[PDB]
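In: model the following, please.
(4 chains)
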Amino acid sequence: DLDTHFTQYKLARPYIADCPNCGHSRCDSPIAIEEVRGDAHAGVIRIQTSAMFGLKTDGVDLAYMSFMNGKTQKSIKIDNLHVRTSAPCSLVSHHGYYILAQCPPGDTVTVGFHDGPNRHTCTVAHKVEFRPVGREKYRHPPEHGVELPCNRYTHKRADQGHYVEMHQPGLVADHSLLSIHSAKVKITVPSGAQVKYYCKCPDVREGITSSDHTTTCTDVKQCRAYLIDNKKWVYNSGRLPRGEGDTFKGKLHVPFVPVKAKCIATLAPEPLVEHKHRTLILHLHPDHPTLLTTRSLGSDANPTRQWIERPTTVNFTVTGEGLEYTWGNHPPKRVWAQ
Amino acid sequence: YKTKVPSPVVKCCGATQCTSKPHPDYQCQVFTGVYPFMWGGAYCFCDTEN
Amino acid sequence: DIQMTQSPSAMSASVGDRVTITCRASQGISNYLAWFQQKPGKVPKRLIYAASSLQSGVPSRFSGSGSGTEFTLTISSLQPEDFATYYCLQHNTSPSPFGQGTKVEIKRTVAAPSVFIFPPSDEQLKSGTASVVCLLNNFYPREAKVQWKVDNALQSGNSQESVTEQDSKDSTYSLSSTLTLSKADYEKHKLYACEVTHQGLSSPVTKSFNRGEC
Amino acid sequence: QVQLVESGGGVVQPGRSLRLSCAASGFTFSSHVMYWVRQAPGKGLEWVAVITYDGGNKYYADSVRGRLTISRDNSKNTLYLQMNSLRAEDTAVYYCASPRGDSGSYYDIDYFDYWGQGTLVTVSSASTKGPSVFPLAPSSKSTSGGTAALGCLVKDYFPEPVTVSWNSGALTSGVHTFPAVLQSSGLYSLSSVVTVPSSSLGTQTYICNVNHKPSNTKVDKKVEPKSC
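Out: Numbers count the residues shown, from 1 in each chain, chains lettered A, B, ... in the order given. The relevant structure is shown in the block below.
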């Protein structure tokens, strides 16, 4: 059931990275977007955000979201999560790091809830193009028409087709830890943490410790506060500094792997044939730019392939050998002459 | 393909020589003089040894 | 750096006594501290960790308390195998200093030293050096003062002392003090005396000889 | 069974270098933090150094920083301590130790559960020298309450140890062999004494048997009352 995914549900931690276009400039958003994969057909997009969707801190859920504000995972009800493109999208399902959504064509993808007192959105420059499966360069999945073996991402989550790495988090920096006691700087740890003390003054440079204080140095701006939180693990993101140790294992299954489904494809209007002596007058009234392919059935193929968008009349020389033409997604047909 | 980039490693002071991993098209390179800001302020103050 | 201070440095206790050893860190170490027992000539053995987690297989008579800067090892009823040196260790930070160690010795009744003095041998005098030895035998407590006098002049810096470990049968100590002189300085003086002060002596005991007397 | 076995200890001159080794067995050495601890003769424990499972971080006591270097070879299950510019203060038994046999990258809270027997490092300019053995003759001045004391002074030897027995080990009651003292010459000296009935001095022979293995010196010294 839902709770049979503890590996990603329990062990993962929402990490924060450097969104390129966080609102006005590049801030450090908790929803730093990574690995946009718009490689499907019908226009479904898989986005690997830096926030962890679905699971409340308290084991598991789905109506909740876990994002990291500060040193703590301030989880909330997911409520107004946007997934934007040239036009706003409509998300399908969300699972931990990944969120599957269907978008209209565009050149930018932006993600963001709006926690209410603050927005915390993020975008990234990445073109998204949607080629419908078939011979007709349509734009949106139509109500009716024939169906073809398309490829897209399943809405299902309980799959293990592919895996991704997840190791110990790196030494996250946090300046707010370097408080002072009016005589020397005081370090602090919230709970179970083991911070690292480093300062410019000639002193103990290593400073690995629980709650403790500096030896001699006094200038906060002349120190470093690195934080260790190895109790949880994070995704191997390219915007986060590597931990100095071992690549901790644990394969997080990819929630939405591509599958070979069936999409509804458009159906071009039927051509109006008009026979002529050893000549096939073909009246065409395309609705959207559709491929037209024809080939002679004789010894010489004599291929002809050309996209047609504006309604036009084309003619072909149908010899006694015979001729074949495939208009749009219609099944191929054949013809004689006298 | 897919360009899987592992998390980059940063040392505050002193260099870090890379090794030729057996990964396909394993491209490794070292950068110097970077001063990465991140989350809580600056990461290091070795302004040339970073 | 952090420094670990143990109190007391030594203590005397009887079998069945409650022993309490205190350790103080110079800076807060939360509860990342451990306690170690070392017997004479042996490796240390860990008794407690996390300032209260009793080590698996260690007797339930051992217990630990404290947090931050002040910590304790409590032995609820001291057994004969518990007479040893006890160390605290902080393990919150590297470097991880030990305390100075607290020596728990067997308490017994006060015993006065038997004092003996040995002149230098004629064989040693042929080598150009004179060693005069003062023996304090089978005394308790360990605190004894030996003072060398040569022709009633107090000696300083020319003697070395060695003390045995506590005797396993009678719980006493023995001490050897060796006054070392050149043959030439030994031949200049006549009266050699070892004066011993100890709690078991109502007054200082002096043992002496004249050089060249039998 | 978990074992740690130190080797490479010995006598070294001041300013010279020495390399200690510690072979490990009965646990996954390459996964655990390793530590050196030293104990000077008659002193408390001193923490020397630590090294991570991968060797990537190394820490040292300020007393040894810049002179001692901890290293490991995970392929050989072997820990090393390279000691350079050795001083007389570095004279100690060095113990190889680890936490409980459970792993981490740059974290530990099980400090020091498994240890080796230790290896003695003696930093001295002294050469190997056999002892001179002198009698501590019983006298009227070494007699109290019908008990006489007699002994042997074992003087000017290097290195430690010497062994002293009485009457080839037949006399053990009332024997005190004192810990050796390091003299200002850099040579060791000790006394061994025994208390005996004063009535036995004319009838019983007392012989101290001194053995200094490092110099191959054996001395049997008869201890008699000084004839006047």
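
In: in chain D, what residue comes closest to chain A?
Out: Proximity of chain D to chain A (C-beta to the nearest C-beta) peaks at residue D:105, 2.9 Å away. Heads up, the C-betas are built off the backbone N, CA and C, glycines and all.

In: backbone dihedrals for the residue lying closest to that residue once chain neighbours are set aside, please?
Out: Excluding the flanking residues, the one nearest residue D:105 by C-beta to C-beta, 6 or more residues apart in numbering or on different chains is residue A:245, at 2.9 Å. With angles defined as degrees, to the nearest 10, residue A:245 sits at phi -110, psi -130.

In: number of nearby residues for residue A:245?
Out: Residue A:245 has 19 neighbouring residues, counting by other C-beta atoms under 10 Å in any protein chain shown.

In: wait, doesn't it sit right on residue A:171?
Out: No: judged on C-beta atoms under 8 Å, residue A:245 makes no contact with residue A:171 at a distance of 10.2 Å.

In: ok, now how distant is the most centrally placed residue in chain C from chain D?
Out: Per C-alpha atoms, centre = their mean, the C-alpha nearest to the average position across chain C is that of residue C:142, at 6.7 Å. In this view, residue C:142 and chain D are 13 Å apart by C-beta to the nearest C-beta, to the nearest Å.

In: on the three-state scheme, that residue is what?
Out: In three-state terms, and counting by DSSP: H, G, I helix; E, B strand; the rest coil, residue C:142 is coil.

In: what sits closest to it if chain neighbours are left out?
Out: Nearest to residue C:142 is residue C:173, by C-beta to C-beta, 6+ apart, at 4.9 Å.

In: and the residue nearest to the centre of chain C, what does it touch?
Out: By C-beta atoms under 8 Å, 6 or more residues apart in numbering or on different chains, the contact list for residue C:142 reads C:10, C:105, C:163, C:166, C:173.

In: need the residues of chain C near chain A, please.
Out: By C-beta under 8 Å from any C-beta of the partner chain, the part of chain C that sits against chain A consists of C:1, C:27-30, C:32, C:92-94.

In: neighbours of residue A:25, just the number please.
Out: Counted by other C-beta under 10 Å, the residues lying close to residue A:25 total 8.

In: for the one 10 residues further on, same thing?
Out: Using other C-beta under 10 Å as the criterion, residue A:35 is surrounded by 20 other residues.

In: hang on, it is in a strand, isn't it?
Out: Yes: inclusion of residue A:35 in a strand is indicated when three-state DSSP is applied.

In: pretty sure it contacts residue A:48?
Out: Yes: counting by C-beta under 8 Å, residue A:35 touches residue A:48, with 4.4 Å between them.

In: residue 48: what secondary structure?
Out: Chain wasn't specified; assuming chain A. Per three-state DSSP, residue A:48 ends up strand.

In: wait, I meant chain D there
Out: Applying three-state DSSP: residue D:48 is strand.

In: can you give me the distance of it to residue C:94?
Out: From residue D:48 across to residue C:94, the span is 11 Å (C-beta to C-beta, to the nearest Å).

In: how about residue A:331?
Out: In this view, residue A:331 and residue C:94 are 77 Å apart by C-beta to C-beta.

In: of those two, who's got more company?
Out: More crowded of residue A:331 and residue C:94, by other C-beta under 10 Å: residue C:94, with 23 against 7.

In: wasn't that one part of a helix?
Out: No: per three-state DSSP, residue C:94 lies outside any helix segment and is coil.

In: doesn't residue A:205 make contact with it?
Out: No: look at residue C:94 against residue A:205 with C-beta under 8 Å: they stay out of range, at 11.6 Å.

In: how many neighbouring residues does residue 203 have?
Out: All of this is about chain A. Here the number of neighbours of residue A:203 (other C-beta under 10 Å) works out to 15.

In: my bad, the chain I had in mind was chain C
Out: Residue C:203: 6 surrounding residues under other C-beta under 10 Å.

In: which one of the residues of chain C next to chain A sits closest to chain B?
Out: Nearest to chain B among the residues of chain C next to chain A, counting by C-beta to the nearest C-beta, is residue C:94 at 18.2 Å.

In: that closest one and residue A:306, how far apart?
Out: Noted for residue C:94: a distance of 75 Å to residue A:306, by C-beta to C-beta.
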